[PDB]
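Below is one structure; the comments refer to it alone.
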Amino acid sequence: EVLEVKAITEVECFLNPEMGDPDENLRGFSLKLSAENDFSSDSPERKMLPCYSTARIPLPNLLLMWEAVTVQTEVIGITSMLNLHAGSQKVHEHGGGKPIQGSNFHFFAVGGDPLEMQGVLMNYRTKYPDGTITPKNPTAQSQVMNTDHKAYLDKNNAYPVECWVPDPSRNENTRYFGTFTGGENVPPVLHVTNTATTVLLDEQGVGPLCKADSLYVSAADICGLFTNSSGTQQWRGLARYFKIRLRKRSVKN
Amino acid sequence: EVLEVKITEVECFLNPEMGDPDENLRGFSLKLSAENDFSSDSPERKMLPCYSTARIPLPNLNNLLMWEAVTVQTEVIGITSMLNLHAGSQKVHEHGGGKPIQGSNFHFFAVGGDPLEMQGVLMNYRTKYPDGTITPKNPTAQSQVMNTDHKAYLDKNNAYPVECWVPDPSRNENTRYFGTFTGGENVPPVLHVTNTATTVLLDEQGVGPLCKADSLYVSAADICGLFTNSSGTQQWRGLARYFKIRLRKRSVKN
Amino acid sequence: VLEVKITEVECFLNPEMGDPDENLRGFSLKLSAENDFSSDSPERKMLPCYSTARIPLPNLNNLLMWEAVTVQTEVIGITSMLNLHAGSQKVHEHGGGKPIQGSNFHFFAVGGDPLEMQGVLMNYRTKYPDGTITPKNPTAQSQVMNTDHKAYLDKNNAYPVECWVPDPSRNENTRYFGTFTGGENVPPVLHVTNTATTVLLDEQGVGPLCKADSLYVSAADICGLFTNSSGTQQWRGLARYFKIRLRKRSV
Amino acid sequence: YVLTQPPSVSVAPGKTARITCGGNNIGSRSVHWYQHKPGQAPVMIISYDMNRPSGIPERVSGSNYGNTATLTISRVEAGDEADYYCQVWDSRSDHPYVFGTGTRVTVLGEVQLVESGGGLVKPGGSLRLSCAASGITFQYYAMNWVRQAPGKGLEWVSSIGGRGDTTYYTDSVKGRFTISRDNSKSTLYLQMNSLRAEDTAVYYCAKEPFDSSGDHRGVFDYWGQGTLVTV
Amino acid sequence: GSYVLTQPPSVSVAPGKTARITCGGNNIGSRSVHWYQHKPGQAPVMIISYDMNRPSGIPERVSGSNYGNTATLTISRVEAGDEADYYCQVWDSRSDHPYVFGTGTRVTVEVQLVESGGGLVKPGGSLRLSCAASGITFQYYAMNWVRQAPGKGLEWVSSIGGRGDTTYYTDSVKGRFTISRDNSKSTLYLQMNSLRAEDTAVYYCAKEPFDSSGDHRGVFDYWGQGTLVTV
């Protein structure tokens, strides 16, 4: 029930990644990946599974509502992948370590409500670990589109990236952006600049309207697989920074 | 026939038809055969991805009025499901994770006021296509290039093999289509999601698809690549496609 | 060329990849290799050739001419390559067949005159087959630029793609567009849409003027190499569709 | 449509067995093959002319050209001794599922389908068969009844779509037999009224492959052990 | 002013040795030379196309070369089966006699084309030969008649385009022979009127390669067994 624009505020924040964190010294990393389990008997270790990062930022109490108008975002520590001297398997005899490479996913969202998500599984029979929130009573229909699998991204380090996507049939009050690049040898390509901004206004010129004076930010930044000397592989993630410009917007009630 | 403009949204998720070799492998094809001679190639029906289609009924209208499709929002659903490298996939090397889905892919959708119109072209005209599928009829060597005899309406779900049919650019006056084919062993799948992107369906004269019999047609093929099992066998993997279509009332004569 | 005074013409142009026999139409003969530059007599059915068509337009007769304003074009049969069950060599044991991949060339041209072409050879001493029209009296300069090698695309299954390129020194009544992507493992990337149109108008707002009420369409769509179970490689091509919007122009 | 099979074939262990299936332009149709051992569920061994299901050895191969489809079994073992049937499906026909007359092969030397309700019945009386399916979501599967009368071949009886919305009967039973389905209980029904002596047979429950609409596919890819109906 | 190809009349070779057959022509290196093997009472076989290209089924021992004024057929590791007649051949699109055959070399150590209508006739009489082609779409193929008179070489008689639009004849038969084709029946015709004794020969039907326009290519890539006409 939106009126004219009323003034302006910035919120700056970073979301640390949830790649699994198999031990403290492997923060930003997943547990080593298992392989070749049958679809009948697949119990992944919780620390093997990257999850979506999310947080709810409280806004000034202020009818008026906070309207998110722009976002500046980048992935933090992209240069840390130039360490080829520690942990990585040598590309060949006398050579340097193997760069992180392979499947990656880069996603963020800004909304006046929890990001709304749809469930889809590679394997509906996957036994997901206690502590994670995955599609409930999944069927073979869950390997394609099953409209029963709706969730709110309402908990950090809980929703496995592999089970959930932003739901394009909802998120009236959220903007989301994601790219998936799959493959063994996909080179990670990441750009940084403090000159880029993303407008959050819709076709009617209205950005996300923050309900309960609350801004929601969400992200997944899986950069690719790290290959140890042993040949084992781990996901590597990086934090995402957000700067969000909000304005006061008048609404009826 | 089309006069002055006189609004509705329709939403749909269209499931893929990759072959479905059994319930537990829904969204996959049967394992691919290889090295059949052109002269004796009978593919199993479950080996062959087909185009997805559905006819969405619109509000009954009634100088007659028709639903005009003006924009579409569409994305592929479940792209992150390919981050499961722990189940079924062959290890990339000893002690390593499973192989990501990769290889030849095709991403296609259409919105129209009539069934999508398609043209037949075959890798191998002598291919013996399986009962239950609808493929070019009385094909010749000319069917391996352009043979104008192979015209079809995408008028049945899970029937028209992707490998035999393309959108016909010589027709589809009342449909907009978009497709990308990327072929190769190691093609990385690249898929974007955002609820901020829209595609305008209006033509050069500012007229979108006009829905005959208050029916909207949506069509899609989203083959994401090949899944490699531990055995080394390969299967197509597909994902569903979501459509949100904005329509308006349009006046037309007789 | 004076002020403007509508018609559409549609065409499918079939590819000329060599056609080693009826059952392999759209394909070439297996590729030969390691021939000395001094002793190379390629078979005609090994060499892809440029496709051309002269579409007769309505007789118009301060004379009026047909002016091509727009072109809609796409490659036909891009989904035929999802067949990995016939002819192709397994990518590995128990696996499906090798996708068509490799060096590719995608070209189209619309004009009111035959497409003008320039000749460059990889080997000037190549003995090109009878039936083919290749650079005449070729010298070492034919491996770089020899301005003597001018031709008109004026016969189908005649002009070898590997010997001819569109002449940027000519083609004033022809708009041309091509892309070469070379490599062993180059992924074929092909798009299809009925929403895209290319304007054929120049800096003065004049498109191709059709001479002798004749519109010329030209194409080369090599999609890459088909590796058979043998290890033999053949070229694979697809047809190209044209829809051309013309208007009457005073001249 | 008529499918002709030689009644019997004899083969030494290690040798090759060839079973022909004759039909007017059968090469233009998808032929499936079934192995049937006495008192056992038939097994599908070839689909669409030459495709082997998972678990069928490379020795088993299929061919189809002109007027003859051929089942070839190489390096023949004792276990290969059984009845072999070809089968086609014509969506656009009065009798859409057709079996071959069958071939007796002598060598010289998860999903469950459980049928019930078989027994003894007065001629002119009534009997209802059930098939309890296990480990599949039932509305995604066209289901079929196929019978074998004493000393006769497999005969297709009735077919129903996954939704329950498409039903086909052989002329023999049209008007007397009724095929029905309860997807909530995953159960297939055959209501047999006006019973005849010609209806004495083992009644097999036959699953078609998973289909997103539960459509008819023309393939019996899994069978129950059968139930005896004696009149 | 019609092109001449010179071949040594005979060559002798021991088993295992190499046989070399020359084909002389004014600047023959500037033309595409094809080679045919011909055993008595058999269809000629094309063994080399465009100077050095071996058709599928021809062994690596068979090689072709062409430079300056001499084209050369080389057969290495010679077998008994290599004993036959060998002909070179060129094609000049812009010439009165566009198919020129060589004089032949006696060497001492699917698609079907069926000819009919051969027989015995009074000199001055008439005869029509037919060629029934099988397994090809006929309008995509330039077709040819080639004859061998007793103790003479292969002589090109007549050529026709796939469409039926490009008639070529040797001076010898000009105005007495007419070549025709019915692509609906996939049949080639040779109407021979005003017959002479010089016309006594085996008449061979010769297919050119598949062409999208059925153009003349200058290559006889498949032959029939022939039909004899005695006059």
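Chain lettering (A, B, ...) mirrors the order of the structure tokens, residue numbering begins at 1 for each chain separately, and ligand numbering begins at 1 in order of display.
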
Can you list, as a JSON list (two decimals) with N, CA and C atoms, in the first residue's frame, every protein, DNA or RNA residue that comes within 10 Å of range 23-35 of chain A when you count only C-alpha atoms, leaving out same-chain residues fewer than 3 positions away?
```json
[["chain", "number", "residue", "atom", "x", "y", "z"],
["A", 16, "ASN", "N", 29.99, -13.73, 6.59],
["A", 16, "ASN", "CA", 31.01, -14.82, 6.47],
["A", 16, "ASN", "C", 30.39, -16.09, 5.88],
["A", 17, "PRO", "N", 31.17, -16.86, 5.08],
["A", 17, "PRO", "CA", 30.64, -18.02, 4.38],
["A", 17, "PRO", "C", 30.49, -19.21, 5.33],
["A", 18, "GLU", "N", 29.62, -20.14, 4.95],
["A", 18, "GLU", "CA", 29.33, -21.37, 5.72],
["A", 18, "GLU", "C", 29.59, -22.55, 4.77],
["A", 19, "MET", "N", 30.85, -22.92, 4.63],
["A", 19, "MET", "CA", 31.30, -23.96, 3.69],
["A", 19, "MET", "C", 31.34, -25.32, 4.39],
["A", 20, "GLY", "N", 31.14, -25.36, 5.72],
["A", 20, "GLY", "CA", 31.14, -26.59, 6.52],
["A", 20, "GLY", "C", 32.04, -26.48, 7.74],
["A", 38, "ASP", "N", 26.04, -44.77, -3.44],
["A", 38, "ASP", "CA", 24.82, -45.08, -4.20],
["A", 38, "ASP", "C", 23.73, -44.13, -3.71],
["A", 42, "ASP", "N", 23.30, -42.61, 0.86],
["A", 42, "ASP", "CA", 24.12, -41.38, 0.82],
["A", 42, "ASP", "C", 23.83, -40.53, 2.07],
["A", 43, "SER", "N", 24.70, -40.63, 3.06],
["A", 43, "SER", "CA", 24.63, -39.83, 4.29],
["A", 43, "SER", "C", 25.82, -38.89, 4.30],
["A", 44, "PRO", "N", 25.74, -37.69, 3.69],
["A", 44, "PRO", "CA", 26.85, -36.73, 3.78],
["A", 44, "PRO", "C", 27.05, -36.21, 5.21],
["A", 45, "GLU", "N", 28.30, -36.14, 5.65],
["A", 45, "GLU", "CA", 28.72, -35.44, 6.90],
["A", 45, "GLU", "C", 28.24, -33.99, 6.76],
["A", 46, "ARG", "N", 27.61, -33.43, 7.80],
["A", 46, "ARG", "CA", 27.13, -32.02, 7.80],
["A", 46, "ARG", "C", 28.24, -31.05, 7.36],
["A", 47, "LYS", "N", 29.47, -31.25, 7.81],
["A", 47, "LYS", "CA", 30.63, -30.37, 7.51],
["A", 47, "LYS", "C", 31.08, -30.53, 6.04],
["A", 48, "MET", "N", 30.48, -31.45, 5.28],
["A", 48, "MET", "CA", 30.78, -31.62, 3.84],
["A", 48, "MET", "C", 29.95, -30.64, 3.01],
["A", 49, "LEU", "N", 28.90, -30.03, 3.58],
["A", 49, "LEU", "CA", 27.83, -29.38, 2.77],
["A", 49, "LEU", "C", 27.85, -27.87, 3.01],
["A", 50, "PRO", "N", 28.25, -27.06, 2.01],
["A", 50, "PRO", "CA", 28.04, -25.62, 2.12],
["A", 50, "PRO", "C", 26.56, -25.27, 2.32],
["A", 222, "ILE", "N", 30.58, -20.08, -3.02],
["A", 222, "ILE", "CA", 31.48, -21.25, -3.22],
["A", 222, "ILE", "C", 32.41, -20.92, -4.39],
["A", 225, "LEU", "N", 36.86, -25.97, -5.80],
["A", 225, "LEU", "CA", 37.45, -27.05, -4.96],
["A", 225, "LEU", "C", 38.93, -26.81, -4.78],
["A", 226, "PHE", "N", 39.41, -27.04, -3.57],
["A", 226, "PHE", "CA", 40.83, -27.05, -3.17],
["A", 226, "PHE", "C", 41.28, -28.51, -3.16],
["A", 227, "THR", "N", 42.33, -28.83, -3.92],
["A", 227, "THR", "CA", 42.86, -30.21, -3.99],
["A", 227, "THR", "C", 44.09, -30.33, -3.10],
["A", 228, "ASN", "N", 44.00, -31.13, -2.03],
["A", 228, "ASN", "CA", 45.14, -31.44, -1.12],
["A", 228, "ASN", "C", 46.15, -32.34, -1.85],
["A", 231, "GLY", "N", 45.06, -35.74, -2.82],
["A", 231, "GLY", "CA", 44.10, -35.81, -3.94],
["A", 231, "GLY", "C", 42.67, -35.55, -3.46],
["A", 232, "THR", "N", 42.46, -35.44, -2.15],
["A", 232, "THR", "CA", 41.13, -35.09, -1.59],
["A", 232, "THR", "C", 40.76, -33.64, -1.96],
["A", 233, "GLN", "N", 39.47, -33.36, -2.00],
["A", 233, "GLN", "CA", 38.96, -32.06, -2.48],
["A", 233, "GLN", "C", 38.02, -31.44, -1.45],
["A", 234, "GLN", "N", 38.15, -30.14, -1.25],
["A", 234, "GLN", "CA", 37.32, -29.39, -0.28],
["A", 234, "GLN", "C", 36.77, -28.14, -0.97],
["A", 235, "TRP", "N", 35.55, -27.76, -0.64],
["A", 235, "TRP", "CA", 35.00, -26.48, -1.11],
["A", 235, "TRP", "C", 35.77, -25.37, -0.41],
["A", 236, "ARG", "N", 35.98, -24.25, -1.10],
["A", 236, "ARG", "CA", 36.54, -23.02, -0.52],
["A", 236, "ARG", "C", 35.52, -21.90, -0.76],
["A", 237, "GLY", "N", 35.22, -21.15, 0.29],
["A", 237, "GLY", "CA", 34.29, -20.01, 0.22],
["A", 237, "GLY", "C", 34.93, -18.73, 0.69],
["A", 238, "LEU", "N", 34.31, -17.62, 0.34],
["A", 238, "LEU", "CA", 34.74, -16.27, 0.76],
["A", 238, "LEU", "C", 33.52, -15.50, 1.25],
["A", 239, "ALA", "N", 33.76, -14.54, 2.14],
["A", 239, "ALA", "CA", 32.72, -13.66, 2.71],
["A", 239, "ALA", "C", 32.21, -12.72, 1.63],
["B", 84, "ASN", "N", 25.95, -31.36, -5.50],
["B", 84, "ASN", "CA", 26.02, -32.72, -4.89],
["B", 84, "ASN", "C", 27.03, -33.53, -5.74],
["B", 85, "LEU", "N", 28.27, -33.62, -5.25],
["B", 85, "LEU", "CA", 29.33, -34.45, -5.88],
["B", 85, "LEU", "C", 29.60, -35.69, -5.01],
["B", 86, "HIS", "N", 28.75, -35.97, -4.03],
["B", 86, "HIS", "CA", 28.99, -37.07, -3.07],
["B", 86, "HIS", "C", 28.27, -38.35, -3.51],
["B", 87, "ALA", "N", 27.25, -38.26, -4.36],
["B", 87, "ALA", "CA", 26.41, -39.43, -4.73],
["B", 87, "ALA", "C", 26.43, -39.70, -6.23],
["B", 88, "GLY", "N", 26.64, -40.98, -6.61],
["B", 88, "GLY", "CA", 26.44, -41.49, -7.98],
["B", 88, "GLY", "C", 27.54, -41.14, -8.96],
["B", 89, "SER", "N", 28.13, -39.94, -8.88],
["B", 89, "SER", "CA", 29.16, -39.45, -9.85],
["B", 89, "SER", "C", 30.47, -40.20, -9.62],
["B", 90, "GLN", "N", 31.11, -40.56, -10.73],
["B", 90, "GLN", "CA", 32.48, -41.12, -10.76],
["B", 90, "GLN", "C", 33.46, -40.09, -10.19],
["B", 91, "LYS", "N", 34.37, -40.54, -9.33],
["B", 91, "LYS", "CA", 35.43, -39.68, -8.73],
["B", 91, "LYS", "C", 36.29, -39.11, -9.87],
["B", 92, "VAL", "N", 36.61, -37.82, -9.82],
["B", 92, "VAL", "CA", 37.46, -37.13, -10.83],
["B", 92, "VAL", "C", 38.88, -37.74, -10.85],
["B", 94, "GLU", "N", 41.66, -40.47, -7.86],
["B", 94, "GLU", "CA", 41.64, -41.26, -6.60],
["B", 94, "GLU", "C", 41.57, -40.29, -5.42],
["B", 95, "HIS", "N", 40.71, -40.61, -4.45],
["B", 95, "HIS", "CA", 40.47, -39.85, -3.19],
["B", 95, "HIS", "C", 39.71, -38.54, -3.47],
["B", 96, "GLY", "N", 39.40, -38.24, -4.74],
["B", 96, "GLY", "CA", 38.78, -36.97, -5.14],
["B", 96, "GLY", "C", 37.27, -37.02, -4.99],
["B", 97, "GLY", "N", 36.62, -35.86, -5.18],
["B", 97, "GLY", "CA", 35.15, -35.74, -5.22],
["B", 97, "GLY", "C", 34.58, -36.28, -6.53],
["B", 98, "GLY", "N", 33.26, -36.42, -6.59],
["B", 98, "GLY", "CA", 32.55, -36.87, -7.80],
["B", 98, "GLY", "C", 32.66, -35.87, -8.94],
["B", 99, "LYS", "N", 32.49, -36.34, -10.18],
["B", 99, "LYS", "CA", 32.55, -35.48, -11.38],
["B", 99, "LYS", "C", 31.31, -34.60, -11.46],
["B", 230, "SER", "N", 29.83, -43.90, -11.56],
["B", 230, "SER", "CA", 31.05, -44.63, -11.16],
["B", 230, "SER", "C", 31.48, -45.59, -12.28]]
```

Contacts of range 113-130 of chain D within 12 Å, only C-alpha atoms, excl. fewer than 4 positions in-chain, as JSON, numbers by chain: {"D": [41, 134, 135, 136, 138, 143, 144, 145, 146, 176, 177, 178, 179, 180, 181, 182, 185, 186, 187, 188, 189, 190, 191, 192, 193, 194, 195, 196, 197, 198, 199, 200, 201, 202, 203, 204, 205, 206, 207, 208, 221, 222, 223, 224, 225, 226, 227, 228, 229, 230, 231]}

Selection export as a tab-separated table (two decimals), in the first residue's frame, atoms kept: C-alpha atoms:
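Below is the file that was written, out-v3.tsv:
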```
chain	number	residue	atom	x	y	z
D	41	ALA	CA	7.12	-63.77	-13.70
D	134	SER	CA	5.07	-51.84	-3.73
D	135	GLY	CA	7.94	-49.27	-4.10
D	136	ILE	CA	6.43	-47.11	-6.92
D	138	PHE	CA	1.25	-45.89	-8.69
D	143	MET	CA	-0.90	-51.12	-15.72
D	144	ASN	CA	-1.94	-54.28	-17.62
D	145	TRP	CA	-3.43	-57.78	-17.14
D	146	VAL	CA	-1.85	-60.56	-19.31
D	176	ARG	CA	-17.57	-58.88	-19.32
D	177	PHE	CA	-14.22	-57.75	-17.79
D	178	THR	CA	-13.63	-54.34	-16.08
D	179	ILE	CA	-10.11	-52.96	-15.31
D	180	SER	CA	-9.96	-50.37	-12.46
D	181	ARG	CA	-7.28	-48.86	-10.17
D	182	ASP	CA	-6.98	-47.33	-6.64
D	185	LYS	CA	-3.77	-48.11	-2.12
D	186	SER	CA	-1.42	-48.71	-5.17
D	187	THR	CA	-3.81	-51.53	-6.26
D	188	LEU	CA	-4.92	-52.67	-9.76
D	189	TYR	CA	-8.30	-54.48	-10.12
D	190	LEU	CA	-9.75	-56.87	-12.73
D	191	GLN	CA	-13.53	-57.46	-12.22
D	192	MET	CA	-14.29	-60.64	-14.27
D	193	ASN	CA	-18.09	-61.14	-14.80
D	194	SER	CA	-19.87	-63.72	-17.09
D	195	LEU	CA	-16.87	-66.11	-16.70
D	196	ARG	CA	-16.22	-68.73	-19.46
D	197	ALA	CA	-14.05	-71.93	-19.50
D	198	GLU	CA	-11.78	-70.22	-22.13
D	199	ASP	CA	-10.93	-67.75	-19.23
D	200	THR	CA	-9.05	-70.49	-17.30
D	201	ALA	CA	-5.49	-69.02	-17.08
D	202	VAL	CA	-2.72	-67.62	-14.85
D	203	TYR	CA	-3.39	-63.83	-14.65
D	204	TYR	CA	-0.19	-61.72	-14.64
D	205	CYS	CA	-0.01	-58.06	-13.48
D	206	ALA	CA	2.28	-56.08	-15.89
D	207	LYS	CA	3.78	-52.63	-15.09
D	208	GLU	CA	4.70	-50.17	-17.90
D	221	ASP	CA	9.00	-53.83	-18.02
D	222	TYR	CA	8.04	-55.68	-14.77
D	223	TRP	CA	5.61	-58.56	-13.96
D	224	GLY	CA	4.11	-60.33	-10.91
D	225	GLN	CA	4.36	-64.15	-10.41
D	226	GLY	CA	0.63	-64.55	-11.43
D	227	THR	CA	-2.66	-65.87	-9.91
D	228	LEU	CA	-4.55	-69.00	-11.18
D	229	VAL	CA	-8.26	-68.57	-12.14
D	230	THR	CA	-9.91	-71.97	-12.82
D	231	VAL	CA	-13.49	-72.28	-14.14
```

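Note that the spacing between CA of residue 153 in chain C and CA of residue 215 in chain C amounts to 12.7 Å.
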
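Here CA of residue 108 in chain C stands at a distance of 11.5 Å from CA of residue 53 in chain C.
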
Contacts of residue 101 in chain C at 8 Å (only C-alpha atoms; same-chain gap of 6+ positions) as a count of residues only: 11

Which residues of chain E have any atom within 10 Å of an atom in chain B when counting only C-alpha atoms, and what is the closest pair of atoms for each, with the distance in Å to one decimal? Order the rows by chain and rising number and write it as a Markdown table.
```
| residue | atom | partner | partner_atom | distance |
| --- | --- | --- | --- | --- |
| E:136 | CA | B:141 | CA | 9.8 |
| E:137 | CA | B:141 | CA | 9.0 |
| E:212 | CA | B:142 | CA | 9.3 |
```

Deliver the residues from the most recent selection as a file, using C-alpha atoms, as a PDB file, in the first residue's frame.
```
ATOM      1  CA  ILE E 136      19.983 -44.242 -54.462  1.00  0.00           C
ATOM      2  CA  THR E 137      17.698 -41.219 -55.135  1.00  0.00           C
ATOM      3  CA  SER E 212      22.944 -31.936 -54.455  1.00  0.00           C
TER       4      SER E 212
END
```

For the interface of chain C with chain E (cut-off 10 Å, counting only C-alpha atoms), please tabulate each contacting residue of chain C alongside its nearest pair of atoms and their separation in Å to one decimal, rows sorted by chain and increasing number, as CSV.
```
residue,atom,partner,partner_atom,distance
C:14,CA,E:212,CA,9.0
C:15,CA,E:212,CA,9.6
C:16,CA,E:212,CA,8.2
C:18,CA,E:211,CA,8.7
C:19,CA,E:210,CA,6.9
C:20,CA,E:210,CA,7.3
C:21,CA,E:210,CA,5.5
C:22,CA,E:210,CA,5.9
C:23,CA,E:136,CA,9.1
C:24,CA,E:210,CA,9.9
C:25,CA,E:212,CA,8.8
C:32,CA,E:53,CA,9.2
C:39,CA,E:65,CA,8.2
C:40,CA,E:52,CA,8.4
C:41,CA,E:51,CA,6.2
C:42,CA,E:50,CA,7.1
C:43,CA,E:50,CA,5.8
C:44,CA,E:50,CA,8.0
C:45,CA,E:209,CA,9.2
C:127,CA,E:30,CA,7.8
C:128,CA,E:32,CA,8.4
C:129,CA,E:32,CA,6.0
C:130,CA,E:32,CA,5.6
C:131,CA,E:217,CA,6.3
C:132,CA,E:217,CA,9.7
C:156,CA,E:213,CA,8.9
C:157,CA,E:212,CA,8.2
```

Serialized selection, N, CA, C and O atoms, as a short mmCIF file (atom, residue, chain, number, x, y, z; two decimals), in the first residue's frame:
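Done, and the output landed in selection_28.cif:
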```cif
data_model
loop_
_atom_site.label_atom_id
_atom_site.label_comp_id
_atom_site.auth_asym_id
_atom_site.auth_seq_id
_atom_site.Cartn_x
_atom_site.Cartn_y
_atom_site.Cartn_z
N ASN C 14 20.83 -25.06 -48.15
CA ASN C 14 21.41 -26.31 -47.60
C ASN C 14 22.93 -26.22 -47.61
O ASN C 14 23.51 -25.58 -48.47
N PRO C 15 23.63 -26.88 -46.68
CA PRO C 15 25.09 -26.83 -46.64
C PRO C 15 25.73 -27.74 -47.69
O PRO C 15 25.10 -28.65 -48.16
N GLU C 16 26.97 -27.44 -48.03
CA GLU C 16 27.78 -28.17 -49.03
C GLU C 16 29.08 -28.57 -48.34
O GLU C 16 30.09 -27.89 -48.50
N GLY C 18 30.53 -31.58 -48.61
CA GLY C 18 31.25 -32.59 -49.43
C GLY C 18 30.34 -33.74 -49.87
O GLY C 18 30.44 -34.16 -51.03
N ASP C 19 29.47 -34.23 -48.98
CA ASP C 19 28.42 -35.23 -49.29
C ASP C 19 29.11 -36.47 -49.86
O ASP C 19 29.00 -36.76 -51.05
N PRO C 20 29.89 -37.22 -49.05
CA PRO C 20 30.67 -38.33 -49.57
C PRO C 20 29.81 -39.45 -50.17
O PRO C 20 30.34 -40.22 -50.93
N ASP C 21 28.53 -39.53 -49.78
CA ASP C 21 27.51 -40.39 -50.41
C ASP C 21 26.16 -39.91 -49.88
O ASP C 21 26.15 -39.12 -48.91
N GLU C 22 25.05 -40.33 -50.49
CA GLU C 22 23.71 -39.86 -50.10
C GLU C 22 23.52 -39.98 -48.58
O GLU C 22 23.16 -38.99 -47.96
N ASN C 23 23.78 -41.16 -48.01
CA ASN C 23 23.51 -41.43 -46.57
C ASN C 23 24.29 -40.49 -45.64
O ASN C 23 23.91 -40.39 -44.45
N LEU C 24 25.33 -39.83 -46.12
CA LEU C 24 26.13 -38.90 -45.30
C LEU C 24 25.99 -37.48 -45.83
O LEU C 24 26.99 -36.78 -45.91
N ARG C 25 24.78 -37.05 -46.15
CA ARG C 25 24.54 -35.67 -46.61
C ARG C 25 24.59 -34.74 -45.39
O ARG C 25 23.99 -35.08 -44.35
N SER C 32 41.81 -36.28 -44.32
CA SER C 32 43.18 -36.82 -44.49
C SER C 32 44.12 -35.96 -43.66
O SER C 32 43.71 -34.88 -43.23
N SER C 39 52.80 -32.48 -52.12
CA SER C 39 52.03 -33.58 -52.74
C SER C 39 50.67 -33.69 -52.07
O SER C 39 50.45 -34.68 -51.37
N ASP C 40 49.79 -32.71 -52.25
CA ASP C 40 48.46 -32.75 -51.60
C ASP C 40 47.37 -32.59 -52.65
O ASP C 40 47.13 -31.46 -53.07
N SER C 41 46.77 -33.69 -53.07
CA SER C 41 45.59 -33.65 -53.96
C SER C 41 44.36 -34.00 -53.12
O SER C 41 44.00 -35.18 -53.01
N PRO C 42 43.70 -33.03 -52.42
CA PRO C 42 42.48 -33.31 -51.67
C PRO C 42 41.29 -33.76 -52.53
O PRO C 42 41.09 -33.22 -53.57
N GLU C 43 40.51 -34.70 -52.01
CA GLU C 43 39.26 -35.13 -52.66
C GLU C 43 38.21 -34.04 -52.49
O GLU C 43 38.16 -33.45 -51.40
N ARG C 44 37.42 -33.76 -53.53
CA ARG C 44 36.33 -32.75 -53.50
C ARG C 44 35.40 -33.00 -52.32
O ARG C 44 35.03 -32.02 -51.67
N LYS C 45 35.06 -34.25 -52.05
CA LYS C 45 34.06 -34.62 -51.01
C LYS C 45 34.67 -34.44 -49.61
O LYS C 45 33.96 -34.66 -48.62
N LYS C 127 46.96 -29.13 -54.73
CA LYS C 127 46.31 -29.52 -55.99
C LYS C 127 44.83 -29.67 -55.67
O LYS C 127 44.43 -30.70 -55.14
N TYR C 128 44.04 -28.66 -55.95
CA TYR C 128 42.61 -28.68 -55.61
C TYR C 128 41.86 -29.44 -56.70
O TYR C 128 42.24 -29.35 -57.87
N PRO C 129 40.82 -30.22 -56.32
CA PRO C 129 40.03 -31.02 -57.29
C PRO C 129 39.32 -30.36 -58.49
O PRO C 129 38.88 -29.26 -58.39
N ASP C 130 39.20 -31.08 -59.59
CA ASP C 130 38.41 -30.58 -60.75
C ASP C 130 36.95 -30.54 -60.30
O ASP C 130 36.54 -31.48 -59.63
N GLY C 131 36.22 -29.49 -60.65
CA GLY C 131 34.85 -29.27 -60.15
C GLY C 131 34.85 -28.15 -59.14
O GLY C 131 33.80 -27.55 -58.93
N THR C 132 36.00 -27.88 -58.54
CA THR C 132 36.13 -26.80 -57.55
C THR C 132 36.71 -25.57 -58.24
O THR C 132 37.43 -25.72 -59.23
N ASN C 156 27.04 -22.97 -56.54
CA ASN C 156 26.95 -23.71 -55.26
C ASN C 156 27.83 -24.95 -55.41
O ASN C 156 28.08 -25.31 -56.57
N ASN C 157 28.29 -25.54 -54.31
CA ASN C 157 29.21 -26.72 -54.26
C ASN C 157 30.35 -26.50 -55.26
O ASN C 157 30.63 -27.40 -56.07
#
```

Residues of range 4-252 of chain B in strand (DSSP E or B), written as a PyMOL selection string: chain B and resi 4-5+8-14+17+28+36+50+52-57+64-76+87+89+91+98+102+105-112+117-120+151-153+161+165-167+175-182+190-194+199-200+210+215-229+234-238+241-252

Spatial neighbours of residue 138 in chain C, 9 Å, only C-alpha atoms, chain gap at least 5 places, as a VMD selection string: chain C and resid 121 124 to 125 143 146 148 to 149
